[PDB]
Structures are given as structure tokens and as C-alpha cells.
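Asker:
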Amino acid sequence: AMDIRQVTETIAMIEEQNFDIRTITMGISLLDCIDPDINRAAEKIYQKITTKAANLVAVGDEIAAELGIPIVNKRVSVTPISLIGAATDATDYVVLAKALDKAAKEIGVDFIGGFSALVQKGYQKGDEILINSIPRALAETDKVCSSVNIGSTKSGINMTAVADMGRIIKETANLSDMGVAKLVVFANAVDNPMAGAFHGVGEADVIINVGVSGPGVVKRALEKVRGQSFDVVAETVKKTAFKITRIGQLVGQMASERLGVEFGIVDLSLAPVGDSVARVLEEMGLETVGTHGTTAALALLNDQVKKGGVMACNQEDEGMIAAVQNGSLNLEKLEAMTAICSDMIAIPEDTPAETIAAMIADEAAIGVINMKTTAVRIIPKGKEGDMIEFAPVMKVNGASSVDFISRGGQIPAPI
Amino acid sequence: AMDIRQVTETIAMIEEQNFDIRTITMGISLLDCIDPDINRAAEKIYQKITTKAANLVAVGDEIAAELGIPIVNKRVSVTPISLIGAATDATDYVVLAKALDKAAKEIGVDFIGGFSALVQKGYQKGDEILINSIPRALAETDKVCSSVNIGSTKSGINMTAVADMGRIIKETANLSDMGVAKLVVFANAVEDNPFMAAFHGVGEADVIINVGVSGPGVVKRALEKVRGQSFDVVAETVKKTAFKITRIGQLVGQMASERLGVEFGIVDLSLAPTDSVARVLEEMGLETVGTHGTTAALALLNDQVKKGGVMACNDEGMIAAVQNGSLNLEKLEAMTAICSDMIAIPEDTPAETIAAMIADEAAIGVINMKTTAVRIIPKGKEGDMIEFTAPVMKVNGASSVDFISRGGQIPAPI
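If you read the protein sequences in the order shown, they are chains B and A.
Under the authors' numbering, the residues of the first sequence are numbered 0 to 189, 191 to 193, 195 to 273, 277 to 319, 332 to 358, 362 to 409, 416 to 440, in order.
Under the authors' numbering, the residues of the second sequence are numbered 0 to 196, 198 to 274, 279 to 318, 333 to 358, 362 to 409, 415 to 440, in order.
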């Protein structure tokens, strides 16, 4: 909601339907906290985050109060810590993760992201000390998340790193319960958010981005067009998405004003606060998520939502688990579905490191060849068909990938 | 390969590795055959193909003889018949298909494709009558291929047509033993295809040659030399083998064109021969195709091939992993995100499931600007062995009926 016409239309919308904010995230630059004395740097990071984001949760709560809608999460993201680490001689960067945990705790946010590295063109100074800090850092902090970007359409895939991330994912899991829940591997990150957020260099010193609701609101809108054609279904997804995005903008403009900070973007559509998605696709007229059709349906959802959102300038899930259990959702369906779209996949604990690497490789390839963002979060804990809690632990193909993953190097290009 | 030095170098290659020419195909426009009397169109068509392709097979043989490399196939491809059907009153265009099958038999090719409709934006005059001829066309011809293109990036997906195409597939299944093997459904069909599976695009030349060349074996032989080395090196190896294989194709296309008196068009991309794509992937170092890593491996293979192509200009392993359960209807489905099937399914499975299965592949290619191609063979039961290939696969039994029932057009995409 920018001029009065748009705010007003937006408040009209907040009346006829029920929307909710998934997150409000503030990104902070930490470049100015660079110090070759890593402890001085730890302190600079701290004062800074606690200053700039001092009011973030209060204001988030006020906004929720005025609009009469809930705000699930309030988060912060930051400059990839490897670049801060890099200015140092430190041999590990956990200490920097701790400045983040203590900042978070103090300002009351749920999570702070960006203990990250970006290693698609190869490891640069900082990258490996960062990545080998991951298992310890994620065990010794509660609110910090990490992400590592390992390929890009423009640089291809750094498989040296994908192989490390297999070993890393496992040391992270055996060193704490829920650490692997805060690590995500990516492709085509290098950006805003996401449980893998970080704040890109050459973004504002401080900005607020918000991501908004979705499924439930879309489910209620499809139910009104049962039996109706694909043309109708699609106009429906787009019009809902256009409103969903407007509310996001209203919340971001408000937030940005009260904090005296620029507003950046709003985005897009997962599922938390007792929401849907698997039900959204099923209401499109499939019987169970995962069956034949499901990938056209989610290509429909995604595409039209994207276009709804562009129409205003922009840019978990019980449905799913039941389908994993009744076995009509399958790991390779999900992989299929990442082709047109896209985490929290559970796999058995004993899964060899190279198998994790190849899952990642599989996912990054799709992302890379198809100019898409991909993001794996693998949890390897448990047995063949258990039930972790923070996920059904899924079937993993038992045929080896060792040789592959031992090769090393860079997969180039694409044409 | 155009200039005589290039010709020499290319001949040089044929001596080190052994190569296949998989197809040589002659594209033929049938617009001058149009005629309100469908019987006359039919004879005009039989005339045109029999003349213009009167030497195709002979020239294929001589060139194979001369270069000493085997030439598997010789085929023909024509104007989509929906266009020809359309200038007519007929209610079905099966008489056009029998024209093609008589022509195809007389010139002695393996197949002739073009009994087709481009229906991405929706049915135009001609298209349904054509589509509805397919079950019958394909029961009563031996050498005709049919294909229907049902969306594209540019126009999104004709979900009416995808639903029909469910019914059609079954109808064709139930009308003959192997009718279904010659029917393909598609997304992003490019007027250039070839590779059969395949039609001659309107505004392409009156007659053209294109050739498809071998691969998997040569690439697999090339990879065995680099066991243990990094992906940088797998990528180079794969690119340079792909260079050569393309040159052979250019040269085989240049001769065919010269002798036939016909322009040369483009050259192709790799596919099951005698060795498998499956073994190639395993050689990159996966224990069984379908396991984790496979879609990255097909990504590398595919990309490097494509770029060895531009640096020149223009089964076994598989079935086996279907059985050890190491390959998956959905895994194949995933791999089509990054590249490019003969899949048999049980025969009782409903039309909506087949359509939803088309709809899924159509979406992969439509949003990714990739070409996609489903040939579903619904015969027999959960586990059989339908050897025209083989085996019958699991199919989700959660209904897709309601989705498929909506009809219409899925738009866009952005």
C-alpha cells in the first residue's frame, strides 16, 4: 500500500479474507564490523545488530495489532560470515556464530541467518574455515542458521564443495539434535530470503523484507471454482496472489516507516499456521498429492502465483507427510517437483556421506541448468521409516554414489 | 564436412572409434499435395514422396558402404497431416495415413512420421478429426508414426487436448497390437524434429535431409580413459567426443544431400544403440542408473554434448534398473528436467491417469523450455514384459480424474 488508493484497497482486502505474515526479516550489513581481531569483530557485530534491530519485534507486534492479523516470525539476516571471518586469521569462526546467537537472543527474534558461504566458483579465503565451522557452530547456538551456496547457472557446480557438504551435513547431525535443521545447501543463491537467508553485499545497510501467507487463502479460493476450467483456476490463483502480495507490501511499508528503514521486497509461498499446499494441489482435483498430475498442478500454482506477484511488482505441511506415509509421495516425486518450482526432507541416519552429496548434486543440477534457485535441507537421523520432530524419514536408494562424488572439481557452463 | 580439409579430418576420425549413423531422414513438404478431394490429396502425396525419396535408401546404403560405418535407419517425415486433412470435408483422415504407408513401403523406409497435429493453442480446423483418426490410422498401417503437440512455452498447455489424448492413447492401445508404439505425445515440438519418435515443419524446405548420429558407446569408451579424474576432465572428455560424433553426422549429411540434390538441414544427439546411456551414467561413477547423482550426471552429459555440437554447428541398463527397482517412473520424470522414453504401464489404468502423466511431462518442458515426449504403452499387468523393449511399471492409483476433467488452457508461463 503506497498511495492512498492502494492502502485503502489493501485495507479492503484485509476485511474480506484472512491473511497472515510468514515473516518480517530485517537484513543488516556487517561489512563495517570488519576487524582483523576477530573478537573486536564479534563485539562490533553484536552492538550493531542489537542497535539496528532493537525495535523490530515491538514494531512487528504493533503492526499485527493494527491490521488484525498474525505475524508468525520476526528474523534478521546478515552478510555472509565467511567474509567477516576472512578478514581474520582465525582458524574457525564459531565465535562469530556466538555474536549472532547473543544478538538474536537479546532482541528477541526467532532466527538470524547468514553464517554462510558462497563457493560456486571455488573456495576463496574464508570459505573452508567457514564451512568447517558449521557443525560446531550449529551445535553451540540456538537461533543461528547457516547456508552454503555451491553452484550457479553462471559458474556451474563446485562439486569439491558438494562432496564436503556431504561430510559436513553428517558432522552437523551427530553433534546436536536439531542443528541440521538450521543448515541449508543451495544453488543459485547469490539475494534476499527463507530458512537459508543472508544479506548480500551491495544491498542497503538495513532493509526489511517480508514474506507472506498463501495456501489456506488459495485453498479457499479454489473451493469456489470446483469443476471450472484451467483458465478459471489460473485466473483464480493469480488474483489471490495479487492480493496476498498487496498485504505484504502494506506490512512492509508500515514496518519500514516505523523503523525508519527502507522496505525492499515481498515474496512467495510455503506453509507453516495450520496451513495447506498439499491440500491446494489436491483441491485442483487430484486425489492425493504425489499422484499423476501433481507436477502440472504445482507448475500451475507456482507460475500463476509468480504472475500475481508481478502484477503488484515484487520479486511443516501435514498434507505432505500423510502422503509420505501412505506412500504416495516419494523422494523422486519431490525431486521431480523441484524442477518446476521449490526442504526438511528426513533420511536415515546411517546414510553414507556421498549419498547426501549426490542428492545435493541432483538438486543443484536442476537448479543450475534451469535458472532456478535450489535449496536442500537434509536431516539424516533415524531408520528406514521412522518419524523425527522439531518429517517422515524416507526411503533412500541404496546403490552407491561414491565414485561420482570422489571425482572432485567443477561442473562448468551450461550452454 | 564442407571444406575438403574438414572432410579429410572427419574421415580420419572414422578410423579411431567406430560410429553409428542412427537415422537419415528426409523432410518433405506436402502442401502442394492439397486438394478438396481427399482421395486426390492421397494420390498426390503418394506420388510426391515416392518421387522425391526415390533414392533415399539407396544413397543411405552407398554412403554407409563408402565410409564403412553402419547406417541403422532411413525414414521420412512430412507436413503434419492435420494441415492436409483440413482442406477437406472428410470426417476422418485415415486415407492419408494409408497413402503414407504405401509410399513408405514403395521407397523402402522403416518409418514415416507426420500424421500429426500441433494443438498447443487449441483445436483448429483439422485437428480433432486428425486426432480421432489416430487409433484407426495406427491399427491399419505398419510404418506410419503419429504425434500430437499439446503445449509449448509460448502458448502453455492445451489441457482439453491432454485429456483427449488420454482417451486416444487407450483407444489406440485397444485397437491393435502395436499401434501405441507409433504414437507420441509432446510439448515444445520443434518444426526441426527429427529424431523420429517427428514431422516436417511448414516453412522448412520443400525437401531436406537431416541425420541423427550415434554416441553412448563412443562416449562410454571415452569415459573409461578418465576413471578417477575430476569433473573438469569429465566435462572436456564429454565435449570433445561430442565434437567428433557431430562432425561425422555433418559429413554424412553433406554427402547424402549432395547425391540426392536436396538441401542439408541439421544434425542430432545420443540415444540407445546396439551400449546404454545407462552405462554411461554408471561409468561417471554411479552404481546403478536411477541412484542419487543420476540427474546431475545426465546434466553434465547433456550439456557437454550440446556444447560439443555447437563447436561444429547444428535401453539395456535402463530396463535392468527398472527391475532391480533402481529406476522409477518419477525418477525418469525428474531426469526429464535436465534433458530428454518408451514406458509401458498396466493396461487397465484409466485415461485420466495417462493424461495427468502427459500433463506432468508437459509442465516440466513447458516451464523449462525443454522438448518433452511421452510414449505410454498401456499393455498387461504390474510386472509383465511387453517386447514389441520391456517392462510394465508401477502407476499411482490415487485418481487424477477431477483435475483432468476441468479442461481448457493452462497459460503463460512468465
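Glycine is no exception: its CB is placed at the ideal position from the N, C-alpha and C atoms.
#1: Inspect the CB distances between the stretch 39-54 of chain B and the stretch 286-299 of chain B and report whether three or more fall short of 8 Å.
#2: Report the three-state DSSP secondary structure of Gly26(B) (helix, strand or coil).
#3: Using DSSP bridges, identify the partner residues of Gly107(B).
#4: Starting from the C-beta of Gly178(B), find all residues in its chain whose C-beta is less than 8 Å away, skip the five residues before and the five after it, and write them out in chain order.
#5: What would DSSP say about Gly112(B), mapped onto helix, strand or coil?
#6: Exposed or buried, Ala11(B), counting other C-beta atoms within 10 Å across all chains shown (16 or more means buried)?
#7: Have a look at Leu345(B), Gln319(B), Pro399(B), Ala376(B) and flag the residue whose alpha-carbon is nearest the alpha-carbon of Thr392(B).
#8: Identify the continuous alpha helix (DSSP H) that holds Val281(B) and give its terminal residues.
#9: Any Cβ of chain A within less than 9 Å of the Cβ of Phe243(B)?
#10: Please list, in chain order, the chain A residues whose beta carbon lies closer than 9 Å to that of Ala160(B).
#11: With DSSP as the reference, label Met363(A) as helix, strand or coil.
#12: Interface residues of chain B around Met378(A) at Cβ under 7 Å?
#13: Consider the Cβ of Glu348(B): report whether some Cβ of chain A lies at a distance smaller than 9 Å.
#14: Please compile the residues from chain B whose C-beta is within a distance smaller than 7 Å of the C-beta of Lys311(A).
#15: Tell me which same chain residues have a C-beta within less than 6 Å of the C-beta of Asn306(A), skipping the five on either side of it?
#16: Just tell me which of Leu82(B), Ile27(B), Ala301(B), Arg247(B) has its CA closest to the CA of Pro193(B).
#17: With 16 as the cutoff for other CB atoms within 10 Å, does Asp362(B) come out buried or exposed?
#18: Just the Cα atoms here: how many angstroms apart are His200(A) and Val77(A)?
#19: Could you check which residue in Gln16(A), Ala372(A), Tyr92(A), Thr299(A) has the C-alpha nearest to that of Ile33(A)?
#20: What did DSSP end up calling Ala188(B) once you bin it into helix, strand or coil?
#21: Please report the distance separating the alpha-carbon of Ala301(A) from that of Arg74(A).
#22: Indicate whether the contact test is met: 3 or more Cβ pairs, each with one atom in the stretch 207-227 of chain B and one in the stretch 263-273 of chain B, closer than 8 Å.
#23: Would you mind telling me which residues of chain B sit closer than 8 Å to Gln123(A), beta carbon to beta carbon, in chain order?
#24: Are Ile337(A) and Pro417(A) closer than 9 Å when you measure CB to CB?
#25: I believe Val219(B) touches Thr241(B) by the beta-carbon criterion, under 8 Å. Please report the beta-carbon distance rounded to the nearest angstrom.
#26: Between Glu65(A) and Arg21(A), what straight-line distance do the alpha-carbon atoms span, to the nearest angstrom?
#27: Between the stretch 238-267 of chain B and chain A, which residues of the former have CB atoms less than 7 Å from a CB of the latter, in chain order?
#28: In chain order, what residues of the stretch 362-391 of chain A put their CB closer than 7 Å to some CB of chain B?
#29: Which residues does DSSP pair with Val207(A) in a beta bridge?
#30: Out of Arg432(B), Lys142(B), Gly433(B), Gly434(B), which has the shortest C-alpha to C-alpha gap to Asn72(B)?
#31: Mind checking if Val395(A) is an interface residue toward chain B, Cβ cutoff 9 Å exclusive?
#32: Do we get a CB-CB distance below 9 Å when we pair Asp232(B) with the residues of chain A?
#33: Is the stretch 150-166 of chain B touching the stretch 425-437 of chain B, taking contact as three or more C-beta pairs under 8 Å?
#34: Can you list the residues of chain B that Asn148(A) reaches, using a CB-CB cut of under 8 Å?
#35: Please name the residue, chosen from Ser230(B), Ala303(B), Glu408(B), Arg247(B), that lies closest to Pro439(A) on a Cα-to-Cα basis.
Answerer: In short:
#1: The answer is no - the stretch 286-299 of chain B does not touch the stretch 39-54 of chain B, with fewer than three Cβ pairs under 8 Å.
#2: The residue labelled residue 26(B) in the question sits at position 27 within the first sequence. Reduced to three states, the DSSP call for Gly26(B) is strand.
#3: Looking up residue 107(B) in the first sequence gives position 108. In DSSP, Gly107(B) forms no bridge with anything.
#4: Reading the first sequence from its first residue, position 179 is the one you call residue 178(B). Taken in chain order, the residues that qualify are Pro134, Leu137, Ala138, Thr171, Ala172.
#5: On the first sequence, position 113 is the one that residue 112(B) refers to. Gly112(B) falls in the strand class under three-state DSSP.
#6: Numbered from 1 along the first sequence, position 12 holds the residue referred to as residue 11(B). By the 10 Å Cβ count, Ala11(B) comes out exposed.
#7: Translated into positions along the first sequence, residue 392(B) becomes position 373. Closest option to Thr392(B), Cα to Cα, is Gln319(B).
#8: In the first sequence, the residue the question calls residue 281(B) occupies position 277. Looking at the DSSP string, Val281(B) is not in any alpha helix (DSSP H), and its letter there is neither H nor E.
#9: Along the first sequence, read from residue 1 onward, the residue named residue 243(B) stands at position 242. Judged by the 9 Å Cβ criterion, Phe243(B) is not in contact with chain A.
#10: Counting from one through the first sequence, the residue named residue 160(B) turns up at place 161. Under the 9 Å cutoff, chain A gives no residues; its nearest Cβ is about 12 Å from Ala160(B).
#11: On the second sequence, residue 363(A) is found 342 positions in, with the first residue counted as 1. Three-state result, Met363(A): strand.
#12: Against the second sequence, residue 378(A) aligns to sequence position 357. Simply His296.
#13: Position 332 of the first sequence, counted from the start, is the residue given in the question as residue 348(B). Output row for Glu348(B): interface = yes.
#14: Reading the second sequence from its first residue, position 307 is the one you call residue 311(A). Simply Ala438, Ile440.
#15: In the second sequence, the residue the question calls residue 306(A) occupies position 302. Once the five neighbours on either side are set aside, the close Cβ partners of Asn306(A) are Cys357.
#16: Locating residue 193(B) in the first sequence gives position 193, counting from the first residue. Closest option to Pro193(B), Cα to Cα, is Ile27(B).
#17: For the purposes of this step, residue 362(B) is identified with residue 343 of the first sequence, where counting begins at 1. Its Cβ being crowded by 16 or more others within 10 Å, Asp362(B) is buried.
#18: Residue mapping note: residue 200(A) aligns to position 200 of the second sequence, counting from 1. Residue mapping note: residue 77(A) aligns to position 78 of the second sequence, counting from 1. Rounded to whole angstroms, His200(A) to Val77(A) spans 5 Å at the Cα level.
#19: Residue mapping note: residue 33(A) aligns to position 34 of the second sequence, counting from 1. Among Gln16(A), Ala372(A), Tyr92(A), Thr299(A), the Cα nearest to that of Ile33(A) is on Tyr92(A).
#20: Against the first sequence, residue 188(B) aligns to sequence position 189. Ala188(B) falls in the coil class under three-state DSSP.
#21: Counted from its first residue, the second sequence places residue 301(A) at position 297. Counted from its first residue, the second sequence places residue 74(A) at position 75. Using only the alpha carbons, I get a separation of about 31 Å.
#22: yes
#23: On the second sequence, residue 123(A) is found 124 positions in, with the first residue counted as 1. Ordered by position in chain B, no residue passes the 8 Å Cβ test against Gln123(A), which lies about 18 Å from the chain.
#24: Along the second sequence, one-based indexing puts residue 337(A) at 319. Along the second sequence, one-based indexing puts residue 417(A) at 391. Contact: yes.
#25: The residue given as residue 219(B) occupies position 218 in the first sequence. The residue given as residue 241(B) occupies position 240 in the first sequence. Yes, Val219(B) and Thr241(B) are in contact; Cβ-Cβ is about 5 Å, under 8 Å.
#26: Stepping through the second sequence from its first residue, residue 65(A) is reached at position 66. Stepping through the second sequence from its first residue, residue 21(A) is reached at position 22. Their backbone Cα atoms lie some 16 Å apart in a straight line.
#27: none
#28: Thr374, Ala377, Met378, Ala380, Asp381, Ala383, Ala384, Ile385, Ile388, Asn389
#29: One-based indexing of the second sequence puts residue 207(A) at position 207. BP columns for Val207(A) point to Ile27(A).
#30: On the first sequence, residue 72(B) is found 73 positions in, with the first residue counted as 1. Nearest C-alpha to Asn72(B) among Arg432(B), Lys142(B), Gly433(B), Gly434(B): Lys142(B).
#31: Translated into the one-based positions of the second sequence, residue 395(A) becomes position 374. No, its Cβ sits nowhere closer than 9 Å to a Cβ of chain B.
#32: In the first sequence, residue 232(B) corresponds to position 231, counting from 1. Judged by the 9 Å Cβ criterion, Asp232(B) is in contact with chain A.
#33: Contact holds between the stretch 150-166 of chain B and the stretch 425-437 of chain B, because three or more Cβ pairs, one in each stretch, are under 8 Å apart.
#34: Translated into positions along the second sequence, residue 148(A) becomes position 149. Here the premise fails: no neighbours, minimum Cβ distance about 16 Å.
#35: For this step, residue 439(A) is matched to residue 413 along the second sequence. Looking at the Cα atoms, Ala303(B) is the closest of the given residues.
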